[PDB]
file final33.cif (mmCIF, N, CA and C atoms)
data_model
#
loop_
_atom_site.group_PDB
_atom_site.id
_atom_site.type_symbol
_atom_site.label_atom_id
_atom_site.label_comp_id
_atom_site.auth_asym_id
_atom_site.auth_seq_id
_atom_site.Cartn_x
_atom_site.Cartn_y
_atom_site.Cartn_z
ATOM 1 N N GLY Z 1 -8.430 13.200 12.354
ATOM 2 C CA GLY Z 1 -6.976 12.952 12.312
ATOM 3 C C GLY Z 1 -6.657 11.468 12.362
ATOM 4 N N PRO Z 2 -5.652 10.970 11.604
ATOM 5 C CA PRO Z 2 -5.298 9.551 11.619
ATOM 6 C C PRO Z 2 -5.021 9.076 13.053
ATOM 7 N N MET Z 3 -5.601 7.935 13.435
ATOM 8 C CA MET Z 3 -5.469 7.351 14.799
ATOM 9 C C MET Z 3 -4.049 6.813 15.020
ATOM 10 N N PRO Z 4 -3.330 7.219 16.089
ATOM 11 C CA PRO Z 4 -1.959 6.758 16.319
ATOM 12 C C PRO Z 4 -1.928 5.294 16.776
ATOM 13 N N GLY Z 5 -1.107 4.473 16.113
ATOM 14 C CA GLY Z 5 -0.969 3.045 16.460
ATOM 15 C C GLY Z 5 -1.925 2.165 15.675
ATOM 16 N N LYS Z 6 -2.784 2.767 14.847
ATOM 17 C CA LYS Z 6 -3.760 1.982 14.047
ATOM 18 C C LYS Z 6 -3.089 1.471 12.767
ATOM 19 N N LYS Z 7 -3.111 0.150 12.565
ATOM 20 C CA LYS Z 7 -2.520 -0.482 11.358
ATOM 21 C C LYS Z 7 -3.471 -0.262 10.178
ATOM 22 N N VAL Z 8 -2.925 -0.126 8.968
ATOM 23 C CA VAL Z 8 -3.754 0.066 7.783
ATOM 24 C C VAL Z 8 -3.686 -1.209 6.952
ATOM 25 N N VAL Z 9 -4.848 -1.814 6.694
ATOM 26 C CA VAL Z 9 -4.886 -3.083 5.912
ATOM 27 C C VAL Z 9 -5.894 -2.962 4.765
ATOM 28 N N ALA Z 10 -5.675 -3.743 3.702
ATOM 29 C CA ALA Z 10 -6.556 -3.773 2.513
ATOM 30 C C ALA Z 10 -6.709 -5.224 2.051
ATOM 31 N N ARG Z 11 -7.843 -5.553 1.427
ATOM 32 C CA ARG Z 11 -8.107 -6.939 0.959
ATOM 33 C C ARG Z 11 -7.725 -7.066 -0.520
ATOM 34 N N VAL Z 12 -7.042 -8.156 -0.877
ATOM 35 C CA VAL Z 12 -6.586 -8.404 -2.280
ATOM 36 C C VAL Z 12 -7.720 -9.051 -3.080
ATOM 37 N N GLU Z 13 -8.248 -8.321 -4.063
ATOM 38 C CA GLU Z 13 -9.319 -8.800 -4.929
ATOM 39 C C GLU Z 13 -8.817 -9.418 -6.232
ATOM 40 N N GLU Z 14 -7.762 -8.832 -6.803
ATOM 41 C CA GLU Z 14 -7.172 -9.333 -8.074
ATOM 42 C C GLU Z 14 -5.655 -9.117 -8.031
ATOM 43 N N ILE Z 15 -4.880 -10.063 -8.567
ATOM 44 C CA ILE Z 15 -3.429 -9.893 -8.583
ATOM 45 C C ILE Z 15 -2.870 -10.459 -9.882
ATOM 46 N N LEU Z 16 -1.853 -9.788 -10.390
ATOM 47 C CA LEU Z 16 -1.149 -10.256 -11.569
ATOM 48 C C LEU Z 16 0.232 -9.636 -11.552
ATOM 49 N N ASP Z 17 1.252 -10.472 -11.751
ATOM 50 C CA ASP Z 17 2.666 -10.018 -11.853
ATOM 51 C C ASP Z 17 3.038 -9.026 -10.744
ATOM 52 N N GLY Z 18 2.706 -9.337 -9.489
ATOM 53 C CA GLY Z 18 3.079 -8.470 -8.355
ATOM 54 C C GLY Z 18 2.317 -7.156 -8.296
ATOM 55 N N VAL Z 19 1.165 -7.065 -8.965
ATOM 56 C CA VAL Z 19 0.348 -5.859 -8.906
ATOM 57 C C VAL Z 19 -1.057 -6.288 -8.506
ATOM 58 N N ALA Z 20 -1.477 -5.889 -7.307
ATOM 59 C CA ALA Z 20 -2.750 -6.295 -6.722
ATOM 60 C C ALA Z 20 -3.784 -5.181 -6.846
ATOM 61 N N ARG Z 21 -5.011 -5.545 -7.220
ATOM 62 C CA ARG Z 21 -6.168 -4.673 -7.020
ATOM 63 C C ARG Z 21 -6.738 -4.982 -5.634
ATOM 64 N N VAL Z 22 -6.689 -4.001 -4.722
ATOM 65 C CA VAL Z 22 -7.058 -4.198 -3.318
ATOM 66 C C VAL Z 22 -8.246 -3.314 -2.962
ATOM 67 N N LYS Z 23 -9.017 -3.745 -1.958
ATOM 68 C CA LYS Z 23 -10.151 -2.980 -1.442
ATOM 69 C C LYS Z 23 -9.751 -2.344 -0.115
ATOM 70 N N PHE Z 24 -9.800 -1.014 -0.045
ATOM 71 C CA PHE Z 24 -9.468 -0.373 1.214
ATOM 72 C C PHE Z 24 -10.673 -0.389 2.153
ATOM 73 N N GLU Z 25 -10.424 0.029 3.399
ATOM 74 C CA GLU Z 25 -11.448 -0.021 4.441
ATOM 75 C C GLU Z 25 -12.696 0.743 4.023
ATOM 76 N N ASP Z 26 -12.515 1.880 3.359
ATOM 77 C CA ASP Z 26 -13.669 2.635 2.889
ATOM 78 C C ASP Z 26 -14.388 1.971 1.717
ATOM 79 N N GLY Z 27 -13.951 0.805 1.244
ATOM 80 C CA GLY Z 27 -14.575 0.167 0.098
ATOM 81 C C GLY Z 27 -13.993 0.533 -1.264
ATOM 82 N N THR Z 28 -13.048 1.470 -1.325
ATOM 83 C CA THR Z 28 -12.440 1.853 -2.602
ATOM 84 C C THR Z 28 -11.420 0.804 -3.038
ATOM 85 N N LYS Z 29 -11.439 0.460 -4.332
ATOM 86 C CA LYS Z 29 -10.548 -0.554 -4.899
ATOM 87 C C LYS Z 29 -9.477 0.108 -5.760
ATOM 88 N N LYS Z 30 -8.214 -0.255 -5.526
ATOM 89 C CA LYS Z 30 -7.112 0.385 -6.288
ATOM 90 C C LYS Z 30 -5.979 -0.608 -6.533
ATOM 91 N N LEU Z 31 -5.225 -0.374 -7.609
ATOM 92 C CA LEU Z 31 -4.058 -1.176 -7.941
ATOM 93 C C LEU Z 31 -2.890 -0.770 -7.054
ATOM 94 N N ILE Z 32 -2.182 -1.739 -6.483
ATOM 95 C CA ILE Z 32 -0.929 -1.444 -5.797
ATOM 96 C C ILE Z 32 0.072 -2.526 -6.155
ATOM 97 N N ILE Z 33 1.344 -2.226 -5.923
ATOM 98 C CA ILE Z 33 2.359 -3.264 -5.996
ATOM 99 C C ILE Z 33 2.321 -4.026 -4.686
ATOM 100 N N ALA Z 34 2.371 -5.349 -4.777
ATOM 101 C CA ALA Z 34 2.304 -6.213 -3.614
ATOM 102 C C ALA Z 34 3.462 -7.205 -3.653
ATOM 103 N N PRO Z 35 3.950 -7.674 -2.486
ATOM 104 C CA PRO Z 35 5.086 -8.594 -2.439
ATOM 105 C C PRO Z 35 4.768 -9.974 -3.029
ATOM 106 N N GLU Z 36 5.813 -10.751 -3.330
ATOM 107 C CA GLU Z 36 5.645 -12.125 -3.867
ATOM 108 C C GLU Z 36 5.033 -12.988 -2.761
ATOM 109 N N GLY Z 37 4.148 -13.918 -3.128
ATOM 110 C CA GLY Z 37 3.499 -14.783 -2.126
ATOM 111 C C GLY Z 37 2.117 -14.267 -1.785
ATOM 112 N N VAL Z 38 1.766 -13.082 -2.290
ATOM 113 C CA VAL Z 38 0.414 -12.500 -2.038
ATOM 114 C C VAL Z 38 -0.556 -13.080 -3.074
ATOM 115 N N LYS Z 39 -1.619 -13.744 -2.613
ATOM 116 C CA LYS Z 39 -2.620 -14.361 -3.525
ATOM 117 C C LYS Z 39 -3.966 -13.649 -3.361
ATOM 118 N N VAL Z 40 -4.913 -13.899 -4.265
ATOM 119 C CA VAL Z 40 -6.247 -13.245 -4.128
ATOM 120 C C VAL Z 40 -6.862 -13.742 -2.816
ATOM 121 N N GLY Z 41 -7.495 -12.843 -2.061
ATOM 122 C CA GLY Z 41 -8.131 -13.220 -0.785
ATOM 123 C C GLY Z 41 -7.202 -12.993 0.394
ATOM 124 N N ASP Z 42 -5.944 -12.631 0.123
ATOM 125 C CA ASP Z 42 -4.960 -12.356 1.203
ATOM 126 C C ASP Z 42 -5.164 -10.922 1.696
ATOM 127 N N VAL Z 43 -4.571 -10.593 2.843
ATOM 128 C CA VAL Z 43 -4.694 -9.218 3.401
ATOM 129 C C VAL Z 43 -3.296 -8.598 3.464
ATOM 130 N N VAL Z 44 -3.164 -7.366 2.974
ATOM 131 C CA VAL Z 44 -1.893 -6.659 3.014
ATOM 132 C C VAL Z 44 -2.015 -5.456 3.934
ATOM 133 N N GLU Z 45 -0.865 -5.001 4.421
ATOM 134 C CA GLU Z 45 -0.756 -3.846 5.298
ATOM 135 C C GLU Z 45 0.074 -2.762 4.623
ATOM 136 N N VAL Z 46 -0.248 -1.501 4.913
ATOM 137 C CA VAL Z 46 0.591 -0.366 4.549
ATOM 138 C C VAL Z 46 1.279 0.129 5.810
ATOM 139 N N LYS Z 47 2.606 -0.011 5.852
ATOM 140 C CA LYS Z 47 3.351 0.320 7.093
ATOM 141 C C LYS Z 47 4.528 1.253 6.800
ATOM 142 N N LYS Z 48 4.820 2.143 7.751
ATOM 143 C CA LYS Z 48 5.944 3.101 7.619
ATOM 144 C C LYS Z 48 7.259 2.328 7.727
ATOM 145 N N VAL Z 49 8.241 2.687 6.899
ATOM 146 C CA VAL Z 49 9.572 2.017 6.922
ATOM 147 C C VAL Z 49 10.471 2.779 7.901
ATOM 148 N N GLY T 1 7.901 -12.744 -13.157
ATOM 149 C CA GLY T 1 7.240 -13.179 -11.913
ATOM 150 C C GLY T 1 7.748 -12.409 -10.706
ATOM 151 N N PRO T 2 6.884 -12.033 -9.735
ATOM 152 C CA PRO T 2 7.321 -11.296 -8.549
ATOM 153 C C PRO T 2 8.459 -12.041 -7.836
ATOM 154 N N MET T 3 9.525 -11.320 -7.480
ATOM 155 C CA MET T 3 10.731 -11.890 -6.816
ATOM 156 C C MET T 3 10.408 -12.298 -5.372
ATOM 157 N N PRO T 4 10.672 -13.552 -4.948
ATOM 158 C CA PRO T 4 10.348 -13.995 -3.590
ATOM 159 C C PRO T 4 11.300 -13.377 -2.557
ATOM 160 N N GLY T 5 10.737 -12.780 -1.501
ATOM 161 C CA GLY T 5 11.537 -12.160 -0.426
ATOM 162 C C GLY T 5 11.806 -10.688 -0.682
ATOM 163 N N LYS T 6 11.363 -10.167 -1.830
ATOM 164 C CA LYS T 6 11.592 -8.737 -2.164
ATOM 165 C C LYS T 6 10.510 -7.872 -1.507
ATOM 166 N N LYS T 7 10.933 -6.897 -0.696
ATOM 167 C CA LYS T 7 9.998 -5.968 -0.012
ATOM 168 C C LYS T 7 9.500 -4.939 -1.030
ATOM 169 N N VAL T 8 8.259 -4.475 -0.875
ATOM 170 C CA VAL T 8 7.707 -3.475 -1.785
ATOM 171 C C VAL T 8 7.593 -2.161 -1.024
ATOM 172 N N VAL T 9 8.246 -1.116 -1.539
ATOM 173 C CA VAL T 9 8.219 0.208 -0.855
ATOM 174 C C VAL T 9 7.817 1.303 -1.847
ATOM 175 N N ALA T 10 7.242 2.391 -1.325
ATOM 176 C CA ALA T 10 6.808 3.555 -2.130
ATOM 177 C C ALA T 10 7.158 4.837 -1.369
ATOM 178 N N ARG T 11 7.404 5.931 -2.093
ATOM 179 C CA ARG T 11 7.778 7.224 -1.459
ATOM 180 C C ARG T 11 6.529 8.098 -1.295
ATOM 181 N N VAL T 12 6.380 8.727 -0.126
ATOM 182 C CA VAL T 12 5.204 9.596 0.182
ATOM 183 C C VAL T 12 5.453 11.006 -0.361
ATOM 184 N N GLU T 13 4.671 11.406 -1.364
ATOM 185 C CA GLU T 13 4.767 12.725 -1.977
ATOM 186 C C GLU T 13 3.800 13.746 -1.381
ATOM 187 N N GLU T 14 2.588 13.294 -1.047
ATOM 188 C CA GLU T 14 1.550 14.182 -0.456
ATOM 189 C C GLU T 14 0.723 13.371 0.548
ATOM 190 N N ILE T 15 0.333 13.985 1.668
ATOM 191 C CA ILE T 15 -0.486 13.270 2.644
ATOM 192 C C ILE T 15 -1.501 14.229 3.250
ATOM 193 N N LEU T 16 -2.682 13.700 3.509
ATOM 194 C CA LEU T 16 -3.723 14.459 4.176
ATOM 195 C C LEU T 16 -4.674 13.467 4.814
ATOM 196 N N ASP T 17 -4.982 13.689 6.092
ATOM 197 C CA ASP T 17 -5.967 12.865 6.844
ATOM 198 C C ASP T 17 -5.746 11.362 6.635
ATOM 199 N N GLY T 18 -4.505 10.889 6.760
ATOM 200 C CA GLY T 18 -4.213 9.447 6.635
ATOM 201 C C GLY T 18 -4.343 8.904 5.222
ATOM 202 N N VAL T 19 -4.301 9.770 4.207
ATOM 203 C CA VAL T 19 -4.358 9.317 2.822
ATOM 204 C C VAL T 19 -3.164 9.929 2.102
ATOM 205 N N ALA T 20 -2.223 9.080 1.693
ATOM 206 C CA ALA T 20 -0.967 9.501 1.082
ATOM 207 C C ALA T 20 -1.013 9.318 -0.431
ATOM 208 N N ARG T 21 -0.517 10.313 -1.167
ATOM 209 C CA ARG T 21 -0.153 10.126 -2.572
ATOM 210 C C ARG T 21 1.305 9.668 -2.608
ATOM 211 N N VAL T 22 1.547 8.436 -3.080
ATOM 212 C CA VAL T 22 2.870 7.810 -3.036
ATOM 213 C C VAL T 22 3.361 7.528 -4.450
ATOM 214 N N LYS T 23 4.688 7.479 -4.611
ATOM 215 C CA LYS T 23 5.322 7.145 -5.884
ATOM 216 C C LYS T 23 5.844 5.714 -5.813
ATOM 217 N N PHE T 24 5.354 4.849 -6.700
ATOM 218 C CA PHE T 24 5.857 3.488 -6.692
ATOM 219 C C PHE T 24 7.178 3.404 -7.456
ATOM 220 N N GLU T 25 7.808 2.227 -7.368
ATOM 221 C CA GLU T 25 9.129 2.021 -7.960
ATOM 222 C C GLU T 25 9.121 2.341 -9.448
ATOM 223 N N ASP T 26 8.046 1.974 -10.139
ATOM 224 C CA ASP T 26 7.956 2.294 -11.558
ATOM 225 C C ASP T 26 7.723 3.777 -11.830
ATOM 226 N N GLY T 27 7.645 4.635 -10.813
ATOM 227 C CA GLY T 27 7.373 6.045 -11.026
ATOM 228 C C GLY T 27 5.901 6.447 -11.014
ATOM 229 N N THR T 28 4.978 5.491 -10.920
ATOM 230 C CA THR T 28 3.549 5.816 -10.888
ATOM 231 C C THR T 28 3.154 6.327 -9.505
ATOM 232 N N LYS T 29 2.339 7.389 -9.475
ATOM 233 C CA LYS T 29 1.896 8.017 -8.229
ATOM 234 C C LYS T 29 0.427 7.699 -7.973
ATOM 235 N N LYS T 30 0.118 7.239 -6.758
ATOM 236 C CA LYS T 30 -1.284 6.857 -6.452
ATOM 237 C C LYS T 30 -1.617 7.160 -4.993
ATOM 238 N N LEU T 31 -2.905 7.387 -4.727
ATOM 239 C CA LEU T 31 -3.402 7.611 -3.378
ATOM 240 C C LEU T 31 -3.501 6.282 -2.643
ATOM 241 N N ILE T 32 -3.018 6.224 -1.406
ATOM 242 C CA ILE T 32 -3.263 5.060 -0.563
ATOM 243 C C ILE T 32 -3.576 5.548 0.839
ATOM 244 N N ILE T 33 -4.173 4.667 1.631
ATOM 245 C CA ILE T 33 -4.299 4.936 3.053
ATOM 246 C C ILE T 33 -2.972 4.588 3.699
ATOM 247 N N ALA T 34 -2.501 5.462 4.579
ATOM 248 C CA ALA T 34 -1.227 5.284 5.248
ATOM 249 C C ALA T 34 -1.419 5.443 6.753
ATOM 250 N N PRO T 35 -0.591 4.776 7.584
ATOM 251 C CA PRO T 35 -0.738 4.843 9.037
ATOM 252 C C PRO T 35 -0.431 6.233 9.610
ATOM 253 N N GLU T 36 -0.854 6.473 10.854
ATOM 254 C CA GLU T 36 -0.586 7.761 11.544
ATOM 255 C C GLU T 36 0.921 7.853 11.796
ATOM 256 N N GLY T 37 1.490 9.055 11.683
ATOM 257 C CA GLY T 37 2.938 9.231 11.894
ATOM 258 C C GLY T 37 3.673 9.273 10.571
ATOM 259 N N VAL T 38 2.967 9.000 9.472
ATOM 260 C CA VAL T 38 3.591 9.045 8.116
ATOM 261 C C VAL T 38 3.552 10.495 7.620
ATOM 262 N N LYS T 39 4.719 11.071 7.316
ATOM 263 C CA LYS T 39 4.804 12.477 6.838
ATOM 264 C C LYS T 39 5.304 12.495 5.391
ATOM 265 N N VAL T 40 5.211 13.641 4.718
ATOM 266 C CA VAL T 40 5.710 13.708 3.314
ATOM 267 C C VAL T 40 7.217 13.436 3.355
ATOM 268 N N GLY T 41 7.720 12.649 2.402
ATOM 269 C CA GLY T 41 9.159 12.333 2.345
ATOM 270 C C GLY T 41 9.477 11.030 3.057
ATOM 271 N N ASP T 42 8.483 10.441 3.730
ATOM 272 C CA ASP T 42 8.678 9.149 4.439
ATOM 273 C C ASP T 42 8.540 8.010 3.427
ATOM 274 N N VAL T 43 8.960 6.807 3.816
ATOM 275 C CA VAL T 43 8.855 5.629 2.912
ATOM 276 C C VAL T 43 7.930 4.601 3.567
ATOM 277 N N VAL T 44 6.971 4.083 2.802
ATOM 278 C CA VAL T 44 6.057 3.068 3.303
ATOM 279 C C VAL T 44 6.295 1.764 2.560
ATOM 280 N N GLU T 45 5.885 0.671 3.196
ATOM 281 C CA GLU T 45 5.995 -0.673 2.652
ATOM 282 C C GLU T 45 4.607 -1.276 2.480
ATOM 283 N N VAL T 46 4.449 -2.123 1.463
ATOM 284 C CA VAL T 46 3.268 -2.963 1.307
ATOM 285 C C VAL T 46 3.655 -4.385 1.677
ATOM 286 N N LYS T 47 3.076 -4.890 2.768
ATOM 287 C CA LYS T 47 3.488 -6.220 3.285
ATOM 288 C C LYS T 47 2.275 -7.122 3.523
ATOM 289 N N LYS T 48 2.462 -8.424 3.298
ATOM 290 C CA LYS T 48 1.386 -9.424 3.503
ATOM 291 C C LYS T 48 1.131 -9.565 5.004
ATOM 292 N N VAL T 49 -0.139 -9.675 5.394
ATOM 293 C CA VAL T 49 -0.509 -9.834 6.829
ATOM 294 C C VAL T 49 -0.555 -11.333 7.146
#
call {"tool": "encode", "arguments": {"input": "final33.cif", "output": "structure tokens"}}
result
Amino acid sequence: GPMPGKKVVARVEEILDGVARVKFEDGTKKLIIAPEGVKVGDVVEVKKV
Amino acid sequence: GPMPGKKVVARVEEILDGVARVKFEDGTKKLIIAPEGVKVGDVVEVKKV
């Protein structure tokens, strides 16, 4: 079961026009939309609104 | 170019064991890791750490 209070983060491997290819904790790489100011090598979080 | 100060959010369509299928603003649906407490119908954000 997902751990309560655990933040979810991914590493930015490639980015173009606000769309980042990120590596998740399990090592899987996927495209996501990322905010402006995010560069390759930066870390992003997935958080509940 | 990505708009500066614009938050990135996605809608949670399906979730299981901390892995959500979310719909991005463009309508594309993808699996992501999501924090504990995220249920179907919730909204998540992608934010720089």
call {"tool": "residues_around", "arguments": {"input": "final33.cif", "residues": "region 1-7 of chain T", "least_positions_apart": "3", "cutoff": "6 Å", "atoms": "only C-alpha atoms", "output": "ChimeraX atom specification"}}
result
/Z:17-18,36
call {"tool": "residues_around", "arguments": {"input": "final33.cif", "residues": "region 20-28 of chain T", "least_positions_apart": "3", "cutoff": "9 Å", "atoms": "only C-alpha atoms", "output": "PDB file with N, CA and C atoms, keeping the file's coordinate frame"}}
result
ATOM      1  N   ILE Z  32      -2.182  -1.739  -6.483  1.00  0.00           N
ATOM      2  CA  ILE Z  32      -0.929  -1.444  -5.797  1.00  0.00           C
ATOM      3  C   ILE Z  32       0.072  -2.526  -6.155  1.00  0.00           C
ATOM      4  N   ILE Z  33       1.344  -2.226  -5.923  1.00  0.00           N
ATOM      5  CA  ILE Z  33       2.359  -3.264  -5.996  1.00  0.00           C
ATOM      6  C   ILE Z  33       2.321  -4.026  -4.686  1.00  0.00           C
TER       7      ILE Z  33
ATOM      8  N   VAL T   8       8.259  -4.475  -0.875  1.00  0.00           N
ATOM      9  CA  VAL T   8       7.707  -3.475  -1.785  1.00  0.00           C
ATOM     10  C   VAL T   8       7.593  -2.161  -1.024  1.00  0.00           C
ATOM     11  N   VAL T   9       8.246  -1.116  -1.539  1.00  0.00           N
ATOM     12  CA  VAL T   9       8.219   0.208  -0.855  1.00  0.00           C
ATOM     13  C   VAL T   9       7.817   1.303  -1.847  1.00  0.00           C
ATOM     14  N   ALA T  10       7.242   2.391  -1.325  1.00  0.00           N
ATOM     15  CA  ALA T  10       6.808   3.555  -2.130  1.00  0.00           C
ATOM     16  C   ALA T  10       7.158   4.837  -1.369  1.00  0.00           C
ATOM     17  N   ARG T  11       7.404   5.931  -2.093  1.00  0.00           N
ATOM     18  CA  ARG T  11       7.778   7.224  -1.459  1.00  0.00           C
ATOM     19  C   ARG T  11       6.529   8.098  -1.295  1.00  0.00           C
ATOM     20  N   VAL T  12       6.380   8.727  -0.126  1.00  0.00           N
ATOM     21  CA  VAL T  12       5.204   9.596   0.182  1.00  0.00           C
ATOM     22  C   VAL T  12       5.453  11.006  -0.361  1.00  0.00           C
ATOM     23  N   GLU T  13       4.671  11.406  -1.364  1.00  0.00           N
ATOM     24  CA  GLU T  13       4.767  12.725  -1.977  1.00  0.00           C
ATOM     25  C   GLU T  13       3.800  13.746  -1.381  1.00  0.00           C
ATOM     26  N   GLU T  14       2.588  13.294  -1.047  1.00  0.00           N
ATOM     27  CA  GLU T  14       1.550  14.182  -0.456  1.00  0.00           C
ATOM     28  C   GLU T  14       0.723  13.371   0.548  1.00  0.00           C
ATOM     29  N   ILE T  15       0.333  13.985   1.668  1.00  0.00           N
ATOM     30  CA  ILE T  15      -0.486  13.270   2.644  1.00  0.00           C
ATOM     31  C   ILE T  15      -1.501  14.229   3.250  1.00  0.00           C
ATOM     32  N   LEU T  16      -2.682  13.700   3.509  1.00  0.00           N
ATOM     33  CA  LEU T  16      -3.723  14.459   4.176  1.00  0.00           C
ATOM     34  C   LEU T  16      -4.674  13.467   4.814  1.00  0.00           C
ATOM     35  N   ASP T  17      -4.982  13.689   6.092  1.00  0.00           N
ATOM     36  CA  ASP T  17      -5.967  12.865   6.844  1.00  0.00           C
ATOM     37  C   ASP T  17      -5.746  11.362   6.635  1.00  0.00           C
ATOM     38  N   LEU T  31      -2.905   7.387  -4.727  1.00  0.00           N
ATOM     39  CA  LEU T  31      -3.402   7.611  -3.378  1.00  0.00           C
ATOM     40  C   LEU T  31      -3.501   6.282  -2.643  1.00  0.00           C
ATOM     41  N   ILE T  32      -3.018   6.224  -1.406  1.00  0.00           N
ATOM     42  CA  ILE T  32      -3.263   5.060  -0.563  1.00  0.00           C
ATOM     43  C   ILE T  32      -3.576   5.548   0.839  1.00  0.00           C
ATOM     44  N   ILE T  33      -4.173   4.667   1.631  1.00  0.00           N
ATOM     45  CA  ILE T  33      -4.299   4.936   3.053  1.00  0.00           C
ATOM     46  C   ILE T  33      -2.972   4.588   3.699  1.00  0.00           C
ATOM     47  N   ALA T  34      -2.501   5.462   4.579  1.00  0.00           N
ATOM     48  CA  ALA T  34      -1.227   5.284   5.248  1.00  0.00           C
ATOM     49  C   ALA T  34      -1.419   5.443   6.753  1.00  0.00           C
ATOM     50  N   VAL T  38       2.967   9.000   9.472  1.00  0.00           N
ATOM     51  CA  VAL T  38       3.591   9.045   8.116  1.00  0.00           C
ATOM     52  C   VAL T  38       3.552  10.495   7.620  1.00  0.00           C
ATOM     53  N   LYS T  39       4.719  11.071   7.316  1.00  0.00           N
ATOM     54  CA  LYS T  39       4.804  12.477   6.838  1.00  0.00           C
ATOM     55  C   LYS T  39       5.304  12.495   5.391  1.00  0.00           C
ATOM     56  N   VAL T  40       5.211  13.641   4.718  1.00  0.00           N
ATOM     57  CA  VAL T  40       5.710  13.708   3.314  1.00  0.00           C
ATOM     58  C   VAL T  40       7.217  13.436   3.355  1.00  0.00           C
ATOM     59  N   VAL T  43       8.960   6.807   3.816  1.00  0.00           N
ATOM     60  CA  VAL T  43       8.855   5.629   2.912  1.00  0.00           C
ATOM     61  C   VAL T  43       7.930   4.601   3.567  1.00  0.00           C
ATOM     62  N   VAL T  44       6.971   4.083   2.802  1.00  0.00           N
ATOM     63  CA  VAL T  44       6.057   3.068   3.303  1.00  0.00           C
ATOM     64  C   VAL T  44       6.295   1.764   2.560  1.00  0.00           C
TER      65      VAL T  44
END
call {"tool": "atom_distance", "arguments": {"input": "final33.cif", "atom1": "CA of residue 48 (chain Z)", "atom2": "CA of residue 47 (chain T)"}}
result
10.6 Å
call {"tool": "select_by_dssp", "arguments": {"input": "final33.cif", "residues": "chain T", "states": "strand (DSSP E or B)", "output": "compact mmCIF listing (two decimals) with N, CA and C atoms, keeping the file's coordinate frame"}}
result
# COMPACT_ATOMS: atom_id res chain seq x y z
N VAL T 8 8.26 -4.47 -0.88
CA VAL T 8 7.71 -3.48 -1.78
C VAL T 8 7.59 -2.16 -1.02
N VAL T 9 8.25 -1.12 -1.54
CA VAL T 9 8.22 0.21 -0.86
C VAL T 9 7.82 1.30 -1.85
N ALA T 10 7.24 2.39 -1.32
CA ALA T 10 6.81 3.56 -2.13
C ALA T 10 7.16 4.84 -1.37
N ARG T 11 7.40 5.93 -2.09
CA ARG T 11 7.78 7.22 -1.46
C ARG T 11 6.53 8.10 -1.30
N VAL T 12 6.38 8.73 -0.13
CA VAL T 12 5.20 9.60 0.18
C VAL T 12 5.45 11.01 -0.36
N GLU T 13 4.67 11.41 -1.36
CA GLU T 13 4.77 12.72 -1.98
C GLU T 13 3.80 13.75 -1.38
N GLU T 14 2.59 13.29 -1.05
CA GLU T 14 1.55 14.18 -0.46
C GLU T 14 0.72 13.37 0.55
N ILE T 15 0.33 13.98 1.67
CA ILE T 15 -0.49 13.27 2.64
C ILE T 15 -1.50 14.23 3.25
N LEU T 16 -2.68 13.70 3.51
CA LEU T 16 -3.72 14.46 4.18
C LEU T 16 -4.67 13.47 4.81
N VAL T 19 -4.30 9.77 4.21
CA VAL T 19 -4.36 9.32 2.82
C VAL T 19 -3.16 9.93 2.10
N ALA T 20 -2.22 9.08 1.69
CA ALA T 20 -0.97 9.50 1.08
C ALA T 20 -1.01 9.32 -0.43
N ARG T 21 -0.52 10.31 -1.17
CA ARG T 21 -0.15 10.13 -2.57
C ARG T 21 1.30 9.67 -2.61
N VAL T 22 1.55 8.44 -3.08
CA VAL T 22 2.87 7.81 -3.04
C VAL T 22 3.36 7.53 -4.45
N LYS T 23 4.69 7.48 -4.61
CA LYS T 23 5.32 7.14 -5.88
C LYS T 23 5.84 5.71 -5.81
N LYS T 29 2.34 7.39 -9.48
CA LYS T 29 1.90 8.02 -8.23
C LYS T 29 0.43 7.70 -7.97
N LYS T 30 0.12 7.24 -6.76
CA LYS T 30 -1.28 6.86 -6.45
C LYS T 30 -1.62 7.16 -4.99
N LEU T 31 -2.90 7.39 -4.73
CA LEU T 31 -3.40 7.61 -3.38
C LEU T 31 -3.50 6.28 -2.64
N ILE T 32 -3.02 6.22 -1.41
CA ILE T 32 -3.26 5.06 -0.56
C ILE T 32 -3.58 5.55 0.84
N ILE T 33 -4.17 4.67 1.63
CA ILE T 33 -4.30 4.94 3.05
C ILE T 33 -2.97 4.59 3.70
N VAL T 43 8.96 6.81 3.82
CA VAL T 43 8.86 5.63 2.91
C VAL T 43 7.93 4.60 3.57
N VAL T 44 6.97 4.08 2.80
CA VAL T 44 6.06 3.07 3.30
C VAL T 44 6.30 1.76 2.56
N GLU T 45 5.88 0.67 3.20
CA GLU T 45 6.00 -0.67 2.65
C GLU T 45 4.61 -1.28 2.48
N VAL T 46 4.45 -2.12 1.46
CA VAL T 46 3.27 -2.96 1.31
C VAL T 46 3.66 -4.38 1.68
N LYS T 47 3.08 -4.89 2.77
CA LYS T 47 3.49 -6.22 3.28
C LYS T 47 2.28 -7.12 3.52
N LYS T 48 2.46 -8.42 3.30
CA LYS T 48 1.39 -9.42 3.50
C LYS T 48 1.13 -9.56 5.00
call {"tool": "axis_aligned_box", "arguments": {"input": "final33.cif", "around": "region 42-47 of chain T", "padding_each_side": "4 Å", "output": "AutoDock Vina command-line options"}}
result
--center_x 5.6 --center_y 1.7 --center_z 2.9 --size_x 14.7 --size_y 25.6 --size_z 11.1
call {"tool": "atom_distance", "arguments": {"input": "final33.cif", "atom1": "atom N of residue 46 (chain T)", "atom2": "CA of residue 30 (chain Z)"}}
result
14.1 Å
call {"tool": "atom_distance", "arguments": {"input": "final33.cif", "atom1": "atom C of residue 49 (chain T)", "atom2": "CA of residue 45 (chain Z)"}}
result
7.7 Å
